[PDB]
There are 2 protein chains.
Amino acid sequence: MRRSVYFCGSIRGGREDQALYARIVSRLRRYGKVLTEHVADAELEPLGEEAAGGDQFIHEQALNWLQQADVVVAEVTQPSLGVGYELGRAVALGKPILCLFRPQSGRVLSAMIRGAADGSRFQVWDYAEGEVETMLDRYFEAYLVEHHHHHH
Amino acid sequence: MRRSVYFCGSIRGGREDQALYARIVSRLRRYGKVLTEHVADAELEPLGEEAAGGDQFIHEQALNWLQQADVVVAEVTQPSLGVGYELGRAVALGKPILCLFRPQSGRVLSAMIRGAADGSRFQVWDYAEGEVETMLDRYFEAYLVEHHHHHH
Ligand SMILES: Nc1nc2c(ncn2[C@@H]2O[C@H](COP(=O)(O)O)[C@@H](O)[C@H]2O)c(=O)[nH]1
Ligand SMILES: Nc1nc2c(ncn2[C@@H]2O[C@H](COP(=O)(O)O)[C@@H](O)[C@H]2O)c(=O)[nH]1
C-alpha cells in the first residue's frame with residue numbers, strides 16, 4: 001500500500017551530503033515515502049528521556065526506518081565503513097537494495113561488496129558525477145516499469 | 001553445545017591478511033569453532049556446478065557461516081567497506097559482535113559504526129599494532145569469565 005525508500009549516504013559530519021540529501025529526499029518522497037530525514041533537520045526536537053543519547057540513537061533510528069523501508073538506495077563515490085554497514089543490514093532485513101558507486105572517484109568496491117551484488121535484488125550502478133541523476137532516473141523509471149525486483 | 005566464532009578482516013586480495021588469518025584461525029578453533037577458512041585454502045576444491053561462480057559465492061559463503069556463528073569478531077585498522085557490510089549482517093543475524101580498530105592507524109570509525117556499538121552485545125576495542133594480541137586475549141578471557149554477552 002505504501003512504499004518507503006531509505007537513502008544511504010556517507011556524511012561523516014560533512015556539509016556536502018546535506019545538499020544531496022535535500023534533493024534526493026524530495027525525489028524519494030515524490031514516489032512514496034523517504035527516510036534519512038535526520039540528515040536534514042535544523043531544529044533538533046527537544047524534550048523526552050534525559051540521557052546521553054547520540055551515536056546509539058543514530059543506529060536505532062536507521063534500524064526503525066529500514067523496518068518500513070520496502071527498498072534501499074545508496075549513493076557513495078568511495079568505500080564508506082558506516083554506509084557499508086547499513087547496506088548489510090538492508091539486505092538482511094529487506095531485500096531490494098541499490099548501490100551507486102562512482103567509476104571515476106579513484107577507489108573501488110571490495111570483494112564483499114561485489115559479491116553482495118548477486119543481481120537478484122541488489123543492484124550496483126556506476127555513476128560518474130553528473131551521472132548520479134541518470135542513475136536515479138533510471139532506477140526509479142526501471143522500478144515503476146518492472147513493478148517489482150525479480151529480474152536478474 | 002557448539003560455539004562458532006567468525007573472524008572479519010579486510011583482505012582485498014592481499015597477502016598481509018592471510019598470515020593474520022592463519023594465526024587467528026588457530027586461536028578461534030581452540031575455543032570452539034572458527035570460520036573464515038576461505039581466506040586460507042591452497043587447494044580450491046574442484047568439481048560441482050559448472051557455472052561462473054565467484055563474488056556471488058563469496059557473499060553466500062559468509063552468510064552460511066554466520067548462521068552457525070554464535071559470535072562475530074573483527075580486526076580492521078582502517079574503515080573497510082566490505083568488512084563493514086559483514087558487521088551489519090552479523091548484528092542483524094546474530095547479536096554478540098566484536099570490533100578491533102587501531103587507534104593509531106590514522107583513520108577513524110564513522111558515526112554509523114560508533115552508533116552501532118551500543119555496548120549491549122557489540123564491543124569495539126582499540127588495538128595498537130602489537131596490542132591486537134592483548135585485545136584477543138582479553139576478549140576470549142572476558143567471554144569465558146562472563147559466560148555470556150549481557151553486561152553493558
Ligand atoms: N537513521 C539514522 N541514520 C543515521 C543517523 N546518523 C547517521 N545515519 C546514517 O549513517 C550514514 C552515515 O554514516 P557515516 O557517513 O558516518 O559513515 C548515512 O546513511 C546516514 O543516513 C541517525 O541519527 N539516524
Ligand atoms: N565466507 C566468505 N567470506 C569471504 C569470502 N571472500 C571474502 N570474504 C570475507 O570478506 C571480507 C573481506 O572483504 P574485503 O577485504 O574484500 O573488503 C573478509 O571478512 C572475508 O572473510 C568468501 O569467499 N567467503
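Residues numbered from 1 in each chain as written, not as in the entry; some residues may be left out. Chains lettered and ligands numbered in written order. Heavy atoms only, no water.

As recorded in the PDB header, solution NMR is the method behind this entry.

Identification of chain A as c-Myc-responsive protein Rcl from Rattus norvegicus is taken from the PDB entry. In UniProt, chain A has this text filed under Subunit: "Monomer and homodimer." (UniProt positions renumbered as here; feature names shortened; annotations may be inferred.)

A. Here's a closer look at the nonpolar core. Core analysis: the biggest nonpolar cluster contains 24 residues, and A:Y6, A:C8, A:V72, A:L87, A:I97 and A:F122 have the highest contact counts within it. With residues near it in sequence (within four places) discarded, A:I97 still touches A:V72, A:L87, A:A90, A:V91, A:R121, A:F122, A:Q123 and A:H149. (Core = buried A, V, L, I, M, F, W, Y, C linked by side-chain atoms within 4.5 Å. Buried < 20%, exposed > 50% of the residue type's maximum accessible area, 1.4 Å probe, protein only. Contact = heavy atoms within 4.5 Å.)

B. Spatial organisation of the pattern of salt bridges. All names here are of chain A. Across all of its chains, the model carries two salt bridges over all chains by this definition. The closest approach of N and O atoms between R102 and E129, which form a salt bridge, is 3.2 Å. Of this pair, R102 sits in the loop between β4 (97-101) and α4 (111-116) while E129 sits in the loop between β5 (122-126) and α5 (132-146), placing them 27 residues apart in sequence. (Salt bridge = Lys/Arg side-chain N within 4 Å of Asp/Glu carboxyl O. Helix = DSSP H or I, 4+ residues; strand = E, 2+ residues; numbered from the N terminus.)

C. Local environment of the side chain of A:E86. Turning to its location among the elements, A:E86 is positioned in helix α3 (residues 81-93). Despite being buried, A:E86 has no salt bridge partner; A:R89 is the closest side chain of opposite charge, sitting 4.2 Å away. When residues no more than four places from it in sequence are discounted, the contact partners of A:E86 are A:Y6, A:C8, A:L66 and B:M112. (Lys, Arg positive; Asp, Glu negative; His and termini not counted.)

D. Representation of the relation of the copies chain B and chain A. It takes a turn of 180° to lay chain B on chain A, together with a shift of 0.0 Å along the axis; the resulting RMSD is 0.0 Å. When the rotation and shift are considered jointly, the pair of chain copies conforms to a two-fold rotation axis. Here 100% of the contact residues of chain B are again contact residues in chain A; the copies associate through an equivalent surface. (Least-squares fit on C-alpha atoms.)

E. Here's a closer look at the layout of surface pockets. Within this model, the largest pocket holds a volume of roughly 960 Å³. Residue lining of the largest pocket: 42 residues in total, with A:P79, B:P79, B:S80, B:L81 and B:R107 positioned closest to the centre. Within the residue set of the lining of the largest pocket, elements represented by two or more residues are α3 of chain A together with α3 (81-93) of chain B. Among the residues forming the lining of the largest pocket, the class breakdown is 16 nonpolar, 13 polar and 13 charged. (1 Å grid on protein atoms, 1.4 Å probe; cavity = no way out; pocket = protein on both sides within 12 Å on 5 of 7 lines; lining within 4 Å. Points joined across faces, edges and corners; volume = space filled by probe spheres on them. Nonpolar A, V, L, I, M, F, W, Y, C, P; charged D, E, K, R; others polar.)

F. Just the interface of chain B and chain A, in detail. Taken residue by residue, the interface counts 27 residues in chain B and 27 residues in chain A. When chain B packs against chain A, close to 2,600 Å² is buried across both sides, 76% of that on carbon and sulfur atoms. Three residues stand out in chain B for area buried against chain A, namely B:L81, B:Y85 and B:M112, and they jointly supply 32% of the buried area on that side. There are two residue pairs in polar contact connecting chain B and chain A. (Buried area = accessible area lost by both parts, 1.4 Å probe. Polar contact = N/O pair within 3.5 Å; in protein donor to acceptor, adjacent residues only side chain to side chain.)

G. Region of interest: the pairing of strand β5 (residues 122-126) of chain B. Residue and element names in this part refer to chain B. Sheet analysis places strand β4 (residues 97-101) next to β5, joined by five bridges and oriented parallel. Residue pairing across strands places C99 opposite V124, the latter belonging to β5. Handedness of the β4-helix α4 (residues 111-116)-β5 crossover: right-handed. (Pairing = 2+ DSSP bridges. Right-handed = clockwise from strand over helix to strand, strands pointing away.)

H. Representation of helix α1 (residues 18-31) of chain A in the model. All names here are of chain A. End to end, α1 covers 20 Å across 14 residues, agreeing with the expected 20 Å (1.5 Å per residue, within 8%). The set of residues buried in α1 consists of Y21, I24, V25 and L28. End-on view of α1: buried residues confined to an arc of 115°, all on one side of the axis. For α1, the exposed residues lying more than 90 degrees away from the buried face are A19, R23 and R30. Where α1 is buried, its residues meet β1 (4-8), β2 (33-34), β3 (71-75) and α5. (Expected span 1.5 Å × (residues − 1). Arc of directions from axis to C-beta.)

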